[PDB]
Asks: 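Quick one: structure below, then a few questions.
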Amino acid sequence: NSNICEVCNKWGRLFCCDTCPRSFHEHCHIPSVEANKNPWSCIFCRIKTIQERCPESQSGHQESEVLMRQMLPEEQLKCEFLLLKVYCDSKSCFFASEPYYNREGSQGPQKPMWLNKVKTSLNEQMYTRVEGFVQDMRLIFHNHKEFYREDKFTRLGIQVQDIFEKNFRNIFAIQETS
Ligand SMILES: [Zn+2]
Ligand SMILES: [Zn+2]
Ligand SMILES: [Zn+2]
């Protein structure tokens, strides 16, 4: 197995996947690495299994249909993995914890949002459809773009949103377009 966490790229107390060479910190994995379970398969392996069980699941989909799906177990897993892929980018640090807003010439957002809040919301089964999760994710970046206005720091929101959106298109097999 790898000797660094797949998500944060640090050593420490690592849990190893039995079906692939990835490793994880307990709370870096989503869901948090399960207490017992031997063998244990990580989220990357669990997603790969879904695909192998239903090869047609990789055919193209419309975003509108994906968003209206109910959060049954497979969709719950896919949103967990998508959240995880965002945390895998080091620029996620900026969006992880609860933000505060005090900048001359800007007003904070009406509905603040952050990764750890989405993480808790998924854990507590608060989203009933994929749309709920995707709306909160996109709101993170939209709030940032609006608040930072012309400061070059706005680019961090663009960058992390692009990671989100590429991974959304991949994980949910969104039909490719120009
Ligand atoms: Zn980690
Ligand atoms: Zn694995
Ligand atoms: Zn099938």
Side-chain angles (χ1 to χ4, degrees), residues 5-10 24-33 42-44 46-47 60-178:
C5 179
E6 184 79 356
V7 181
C8 72
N9 301 102
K10 298 291 193 282
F24 309 80
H25 297 101
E26 175 162 16
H27 299 307
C28 282
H29 199 270
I30 305 180
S32 294
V33 168
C42 80
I43 192 159
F44 293 76
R46 295 166 67 186
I47 292 284
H61 300 82
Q62 299 297 112
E63 183 177 307
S64 64
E65 175 271 320
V66 167
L67 297 185
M68 296 308 309
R69 303 180 187 163
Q70 298 179 18
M71 292 281 254
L72 294 178
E74 294 188 348
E75 303 315 302
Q76 176 76 32
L77 196 73
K78 284 177 165 209
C79 291
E80 295 164 343
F81 187 48
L82 174 52
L83 183 56
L84 177 135
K85 286 293 193 142
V86 172
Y87 281 104
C88 291
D89 199 284
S90 62
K91 295 161 180 283
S92 71
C93 68
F94 296 112
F95 301 108
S97 70
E98 185 174 3
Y100 62 83
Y101 297 96
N102 193 3
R103 182 195 188 236
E104 180 181 333
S106 291
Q107 270 295 326
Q110 308 294 311
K111 186 182 170 179
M113 194 47 66
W114 61 100
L115 297 172
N116 295 347
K117 185 175 168 64
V118 180
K119 182 182 277 198
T120 294
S121 296
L122 269 175
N123 178 243
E124 295 180 6
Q125 300 160 303
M126 300 284 299
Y127 300 112
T128 59
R129 288 168 198 274
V130 171
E131 183 176 45
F133 166 82
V134 175
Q135 285 168 342
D136 276 355
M137 296 290 287
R138 285 173 167 166
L139 181 66
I140 299 172
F141 314 116
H142 191 256
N143 284 348
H144 174 99
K145 284 161 86 172
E146 296 306 296
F147 183 71
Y148 293 104
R149 308 286 202 110
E150 312 306 289
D151 191 298
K152 64 193 174 168
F153 190 62
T154 59
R155 184 159 168 264
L156 274 291
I158 292 165
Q159 294 174 323
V160 182
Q161 181 153 18
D162 194 47
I163 299 299
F164 173 70
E165 294 297 340
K166 288 184 190 267
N167 280 281
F168 174 66
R169 289 188 306 268
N170 179 257
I171 291 168
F172 288 92
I174 298 294
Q175 178 57 51
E176 287 273 292
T177 58
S178 36

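Each residue takes its place number in the sequence, starting with 1. No hydrogens, no waters, no symmetry mates; every other heavy atom, side chains included, goes into these values.
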Asks: Nearest 0.5 Å, please: how far is SG in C8 from CG in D89?
Replies: 13.0 Å
Asks: Can the ring centroids of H144 and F94 be said to lie less than 6.0 angstrom from one another?
Replies: no
Asks: Would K78 and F172 count as a cation-pi pair here, with the cationic atom under 6.0 angstrom from the ring centre and within 45° of the axis?
Replies: yes
Asks: Indicate the atoms forming the closest heavy-atom contact of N143 with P112, along with that distance.
Replies: ND2-CA, 3.8 Å
Asks: If you apply the rule side chain to side chain contact (heavy atoms under 4.5 Å, CB included), what do you find for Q159 with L156, and how did you get there?
Replies: CA-CA 5 Å; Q159 294 174 323; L156 274 291; 3.7 Å; yes
Asks: If I take atom OG from residue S90 and atom CG from residue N9, how far apart are they, to the nearest 0.5 angstrom?
Replies: 8.5 Å
Asks: Within the structure provided, determine whether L83 and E80 are in side-chain contact (heavy-atom separation under 4.5 Å).
Replies: no
Asks: Kindly compute the distance separating SG (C42) from CZ (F24), expressed to the nearest 0.5 Å.
Replies: 4.0 Å
Asks: Can you find a heavy atom in the side chain of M126 that is under 4.5 Å from one in the side chain of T120?
Replies: no
Asks: Quick one: side chain to side chain contact (heavy atoms under 4.5 Å, CB included) partners of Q107, sequence neighbours excluded?
Replies: none
Asks: Supply the atom-to-atom distance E6 CD to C28 SG, rounded to the nearest 0.5 angstrom.
Replies: 11.0 Å
Asks: Is there a donor-acceptor contact under 3.5 Å from the side chain of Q76 to the main chain of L122?
Replies: yes
Asks: Under a 3.5 Å threshold, yes or no: a donor from one side chain and an acceptor from the other, between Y127 and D136?
Replies: yes
Asks: Any non-hydrogen side-chain atom of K10 less than 4.5 Å from a side-chain atom of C5?
Replies: no
Asks: Please check: side-chain N/O of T154 versus main-chain N/O of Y148, any donor-acceptor pairing under 3.5 Å?
Replies: no
Asks: So do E98 and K117 actually touch side chain to side chain, heavy atoms under 4.5 Å?
Replies: no
Asks: Taking all non-hydrogen atoms of both residues into account, name the closest pair between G60 and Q175 and its distance.
Replies: CA-OE1, 3.6 Å
Asks: Would you check if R103 and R149 make a side-chain contact, meaning some heavy-atom pair closer than 4.5 Å?
Replies: yes
Asks: Would the distance check show the side chain of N116 and the main-chain N or O of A96 forming a donor-acceptor pair, the cut-off being under 3.5 Å?
Replies: yes
Asks: Can a salt bridge be assigned to the pair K85 and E165 using a cut-off of 4.0 Å between side-chain N and carboxylate O?
Replies: no
Asks: Could you measure the distance from the CD1 atom of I47 to the CG atom of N170? Nearest 0.5 Å is fine.
Replies: 10.0 Å
Asks: A quick test of your reading: do over 12 heavy atoms of other residues, nucleotides or ligands sit less than 6.0 Å from CD of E26?
Replies: yes
Asks: Would you sort out whether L139 and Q135 count as a side chain to side chain contact (heavy atoms under 4.5 Å, CB included), showing the intermediate values?
Replies: CA-CA 6 Å; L139 181 66; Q135 285 168 342; over 6 Å; no
Asks: About how many Å separate SG of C88 and CD1 of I163, when rounded to the nearest 0.5 Å?
Replies: 10.0 Å
Asks: Can we say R69 and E131 salt-bridge, meaning some charged N sits less than 4.0 Å from an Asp/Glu carboxylate O?
Replies: no
Asks: If you look at every heavy atom in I30 and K119, which pair is closest and at what distance?
Replies: CD1-CE, 3.6 Å
Asks: Any chance you could lay out the side chain to side chain contact (heavy atoms under 4.5 Å, CB included) test for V66 and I174, step after step, and finish with the verdict?
Replies: CA-CA 8 Å; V66 167; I174 298 294; 3.9 Å; yes
Asks: Where the side chain of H61 meets the backbone of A173, is there a donor-acceptor pair that is under 3.5 Å apart?
Replies: yes
Asks: Under the ring-ring contact (aromatic ring centres under 6.0 Å, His included) definition, can you give me all pairs with a residue in residues 63-86, not counting sequence neighbours?
Replies: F44-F81
Asks: Quick one: do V118 and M137 satisfy side chain to side chain contact (heavy atoms under 4.5 Å, CB included)? Show the steps, please.
Replies: CA-CA 7 Å; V118 180; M137 296 290 287; 3.9 Å; yes
Asks: With salt bridge (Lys or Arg N to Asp or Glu O under 4.0 Å) as the test, would you mind laying out the steps for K111 and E146 before giving the verdict?
Replies: CA-CA 12 Å; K111 186 182 170 179; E146 296 306 296; over 6 Å; no
Asks: Can you find a pair of side-chain heavy atoms, one from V86 and one from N167, that are under 4.5 Å apart?
Replies: no
Asks: Between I43 and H29, is there a side-chain heavy-atom distance shorter than 4.5 Å?
Replies: yes
Asks: Checking side chain to side chain contact (heavy atoms under 4.5 Å, CB included) against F95, which of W114, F141, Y87, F164 comes through?
Replies: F141
Asks: A side-chain contact here means heavy atoms from C-beta on lying under 4.5 Å apart; do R138 and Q161 qualify?
Replies: yes
